[PDB]
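Report on the following structure.
Number of protein chains: 2
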Amino acid sequence: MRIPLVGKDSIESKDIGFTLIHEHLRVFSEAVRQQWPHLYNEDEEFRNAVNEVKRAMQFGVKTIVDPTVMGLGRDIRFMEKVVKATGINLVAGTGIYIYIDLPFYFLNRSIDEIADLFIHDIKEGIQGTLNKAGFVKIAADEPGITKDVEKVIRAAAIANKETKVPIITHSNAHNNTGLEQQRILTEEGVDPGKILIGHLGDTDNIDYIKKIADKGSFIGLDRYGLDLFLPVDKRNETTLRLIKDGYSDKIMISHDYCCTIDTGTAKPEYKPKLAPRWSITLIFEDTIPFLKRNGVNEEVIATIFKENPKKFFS
Amino acid sequence: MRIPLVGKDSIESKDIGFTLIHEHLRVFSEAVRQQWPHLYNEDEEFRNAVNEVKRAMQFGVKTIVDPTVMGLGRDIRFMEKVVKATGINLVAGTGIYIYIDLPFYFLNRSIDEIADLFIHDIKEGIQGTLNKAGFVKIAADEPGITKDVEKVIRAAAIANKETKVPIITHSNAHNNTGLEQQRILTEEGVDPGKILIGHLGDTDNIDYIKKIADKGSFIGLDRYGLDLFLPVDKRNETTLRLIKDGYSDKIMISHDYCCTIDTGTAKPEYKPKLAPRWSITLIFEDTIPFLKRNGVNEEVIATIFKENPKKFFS
Ligand SMILES: [Co+2]
Ligand SMILES: [Co+2]
Ligand SMILES: [Fe+2]
Ligand SMILES: [Fe+2]
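Protein chains in written order, with the entry's author numbering: chain A, 1 to 314; chain C, 1 to 314.
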């Protein structure tokens, strides 16, 4: 068809339905898990992922896009297990998630070689399977657009131009990285509308957010529940304001929820302080009803959660 | 019952025999291999490692110490297959190899949590097996002693003090990282004689090398064949000079040869320029004959390749 799914036949973008554009079934550091497997519990990770996905589906979520890629512990077989246990439509991606430097493997390797990896996942399959990547994921954060970060961005541009899969980004809302990602990508020939600039919901600086959307890309209001970056109420007020200003055409909403994540920052003790209501269904419980009670009609909701993901992937 | 061996009963340090203190059966980026297995060929890797190890054994090598750890693709089960096929004494280690930052797992984790990983590997076993780590490996390079690099150094100190295993380091011979490693370690109570400061052979700066050796630590003239760092002839001249000045009892010699390595810098085309004679037996073809033809008697050879590793591991 058009959009590849984990453990399923590919579907036309018109079949994507209600979508969570940015959620993680499981995140871990590849090298740590490989070296110290005693730190991880696959049974628990699987239960958590399945339980979260099931609840998401009980609210009418049809499709989840999971931008777990190199550096976040992408595991296609785990994803496949989750799909088999839930029946969710799952879009897996390819890409590289780094903030500073690429792994030593890439020393003296070209941007083209990097893009070749993305294209391989897109055209042939991920990690030895026939499950194909439906988008490319790239990142930048506090360190900004380092040289390796830039190489990855340009490789993503090459992959998009070859295969037409969209590009999802991770960015830091406070240091211009999102705008810079969009700039490099569009200069490399990437259609602005094939890019989702991520984590813009971490700021209430609406002029910045509008600037990215106005240049043609989707804007990721995609960390609902992560109060340590920005509280739910402030995200809500920002979201509502953008909608009132007519930006529904570019808005994408999600939680960036990790059903399991191995970082020290996570960990139960900090959750009450850092992300008390963080989960894969918070927007159904809080955000969406908030918007409706403030005059946002169902047609806008559908644009955000059905139409935008549809355009993104077509 | 003193030095743990992969796939073998432990041996008394005095039985270690002729030792290559720093060689790699295989090196790769964990994240890259997990994400793009199509880039690797385990058959080739296995055959290369076996062929190299048994040629080293024909030259009388009894023990190989392999400091492949997290970040370099440590794989205890691959190491076991190689031991089974060769009968070599192989010492595996634990540790973390980074130049800048730790994997995201370590965000908000203490130096003690890191040290616990090392101790686990030393006391319990590596990657779910009963093969135990016989030393700790740490690293620093161009970027210098970063905050995360220093945490790993301090974690290694804790591991050594708890378990008594020695510490092998990776350094950049031109920026003082080696001296710093020694400083921090010793300041944390590590016996300087339980430290090997690596890659000092990369420079002909005899004074720097001597200062480290004078402070009580072993010095790694350990990249023989890697011309891109320093040609064989200049290495030999430094080595001979050092021995001439009475540093035999601090010198350790190796190739840091990677029977297979995935980095772009490696790779066929660049070999004839970067490392034409690089292999696990270059010192038997070149270095050792050069030393012996220049006044180095068999006692000094035995000291570097048998006594020093013995002391290091006891
Ligand atoms: Co992100
Ligand atoms: Co090294
Ligand atoms: Fe994410
Ligand atoms: Fe090495």
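The C-beta atom is built at its ideal place from N, Cα and C for all residues, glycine as well.
Comparing C-alpha positions only, which one of the options sits nearest to residue i?
| i | options | result |
| --- | --- | --- |
| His120 (chain C) | C:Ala156, C:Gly73, C:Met1 | C:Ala156 |
| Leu20 (chain A) | A:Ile168, A:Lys234, A:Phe104, A:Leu228 | A:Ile168 |
| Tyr270 (chain C) | A:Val61, A:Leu107, A:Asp202 | A:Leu107 |
| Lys210 (chain C) | C:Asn236, C:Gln35, C:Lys194, C:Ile243 | C:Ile243 |
| residue 316 (chain A) | A:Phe290, A:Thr146, A:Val136, A:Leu221 | Here chain A covers residues 1 to 314 and nothing more, so residue 316 (chain A) does not appear. |
| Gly193 (chain C) | C:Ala213, C:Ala173, C:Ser217, C:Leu117 | C:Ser217 |
| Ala302 (chain A) | A:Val6, A:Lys14, A:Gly7 | A:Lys14 |
| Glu142 (chain A) | A:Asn131, A:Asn176, A:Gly125 | A:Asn176 |
| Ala173 (chain C) | C:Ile212, C:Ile158, C:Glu188 | C:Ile212 |
| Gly7 (chain A) | A:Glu44, A:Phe312, A:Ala92, A:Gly60 | A:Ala92 |
| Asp66 (chain A) | A:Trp36, A:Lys310, A:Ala159, A:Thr94 | A:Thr94 |
| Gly201 (chain C) | C:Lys215, C:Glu187, C:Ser171 | C:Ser171 |
| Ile122 (chain A) | A:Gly87, A:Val165, A:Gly60 | A:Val165 |
| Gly264 (chain C) | C:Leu221, C:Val32, C:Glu52, C:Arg109 | C:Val32 |
| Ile96 (chain A) | A:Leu90, A:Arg109, A:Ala115, A:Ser110 | A:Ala115 |
| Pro309 (chain C) | C:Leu179, C:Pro289, C:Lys250, C:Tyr208 | C:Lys250 |
| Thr129 (chain A) | A:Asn51, A:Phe78, A:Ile98 | A:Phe78 |
| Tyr105 (chain A) | C:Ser29, C:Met1, C:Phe229 | C:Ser29 |
| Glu113 (chain A) | A:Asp222, A:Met1, A:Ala159 | A:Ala159 |
| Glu23 (chain C) | C:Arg74, C:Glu42, C:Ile111 | C:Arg74 |
| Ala49 (chain C) | C:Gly125, C:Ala133, C:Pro103, C:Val27 | C:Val27 |
| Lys267 (chain A) | A:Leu39, A:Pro289, A:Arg109 | A:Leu39 |
| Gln35 (chain C) | A:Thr203, A:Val53, A:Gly125 | A:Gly125 |
| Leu72 (chain A) | A:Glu162, A:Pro289, A:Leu25 | A:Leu25 |
| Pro272 (chain A) | A:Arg55, A:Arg47, A:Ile88, A:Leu228 | A:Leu228 |
| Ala140 (chain A) | A:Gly198, A:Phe118, A:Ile219 | A:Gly198 |
| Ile11 (chain A) | A:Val69, A:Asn89, A:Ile219, A:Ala56 | A:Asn89 |
| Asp207 (chain C) | C:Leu230, C:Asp245, C:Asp222 | C:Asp245 |
| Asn41 (chain A) | A:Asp262, A:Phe118, A:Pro289, A:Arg55 | A:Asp262 |
| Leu179 (chain A) | A:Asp204, A:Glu298, A:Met1, A:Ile219 | A:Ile219 |
| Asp222 (chain C) | C:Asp214, C:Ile280, C:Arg241 | C:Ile280 |
| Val53 (chain C) | C:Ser110, C:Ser314, C:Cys258 | C:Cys258 |
| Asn131 (chain C) | C:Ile304, C:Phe284, C:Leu5 | C:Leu5 |
So does residue i have its beta carbon nearer than 7 Å to some heavy atom of ligand 2?
| i | result |
| --- | --- |
| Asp227 (chain C) | no |
| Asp256 (chain C) | yes |
Tell me whether residue i, by its Cβ, gets closer than 7 Å to a heavy atom of ligand 4.
| i | result |
| --- | --- |
| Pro103 (chain A) | no |
Within its chain, find whatever has a CB closer than 7 Å to the CB of residue i; leave out the 5 residues flanking it on each side and keep chain order.
| i | result |
| --- | --- |
| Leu226 (chain A) | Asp256, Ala275, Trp278 |
| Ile153 (chain C) | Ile138, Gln181, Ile184, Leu185 |
| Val300 (chain C) | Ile243, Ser248 |
| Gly17 (chain C) | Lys62, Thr63, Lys306 |
| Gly60 (chain A) | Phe18 |
| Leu282 (chain A) | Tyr224, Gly225, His255 |
| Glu188 (chain A) | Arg154, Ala157 |
Please tell me whether, using a cut-off of 7 Å, the distance from the CB of residue i to the nearest non-hydrogen atom of ligand 3 is below it.
| i | result |
| --- | --- |
| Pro67 (chain A) | yes |
| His22 (chain A) | yes |
Should residue i be counted as a contact of ligand 1 given a C-beta to heavy atom distance under 7 Å?
| i | result |
| --- | --- |
| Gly144 (chain A) | no |
| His170 (chain A) | yes |
| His174 (chain A) | no |
| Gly198 (chain A) | yes |
Going along the chain, which residues of its own chain have a beta-carbon closer than 8 Å to the beta-carbon of residue i, five neighbours each way excluded?
| i | result |
| --- | --- |
| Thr287 (chain C) | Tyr224, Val232, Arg235, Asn236, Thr239, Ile253 |
| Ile100 (chain A) | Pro143, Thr146, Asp148, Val149 |
| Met57 (chain C) | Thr86, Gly87, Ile88 |
Closer than 6 Å by C-beta to residue i: which residues in its own chain qualify, once you throw out the five before and the five after it? Chain order, please.
| i | result |
| --- | --- |
| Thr260 (chain A) | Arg26, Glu45, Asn48 |
| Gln127 (chain A) | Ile76 |
| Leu102 (chain A) | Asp148 |
Mind pulling the beta strand (DSSP E) runs of 3 or more residues that sit fully within the stretch 60–109 of chain A? 63–66, 89–92, 94–96
Where in the stretch 196–267 of chain A do unbroken runs of the beta strand (DSSP E), each at least 3 residues long, occur, reported from the N-terminal end onward? 218–221, 251–253
Unbroken beta strand (DSSP E) runs of length 3 or more, entirely within the stretch 3–70 of chain C: which are they? 3–5, 8–11, 63–66
At what residue ranges does the stretch 136–207 of chain A contain a whole run of the beta strand (DSSP E), taking only runs of 3 or more? The qualifying runs are 136–139, 167–170, 195–197.
Is there contact between the stretch 144–152 of chain A and the stretch 188–207 of chain A, where contact requires at least three CB pairs shorter than 8 Å? Taking one beta carbon from each stretch, the stretch 144–152 of chain A and the stretch 188–207 of chain A have fewer than 3 pairs nearer than 8 Å; the two do not touch.
Would you call the stretch 290–298 of chain A and the stretch 73–86 of chain A in contact, with 3 or more CB pairs under 8 Å? no
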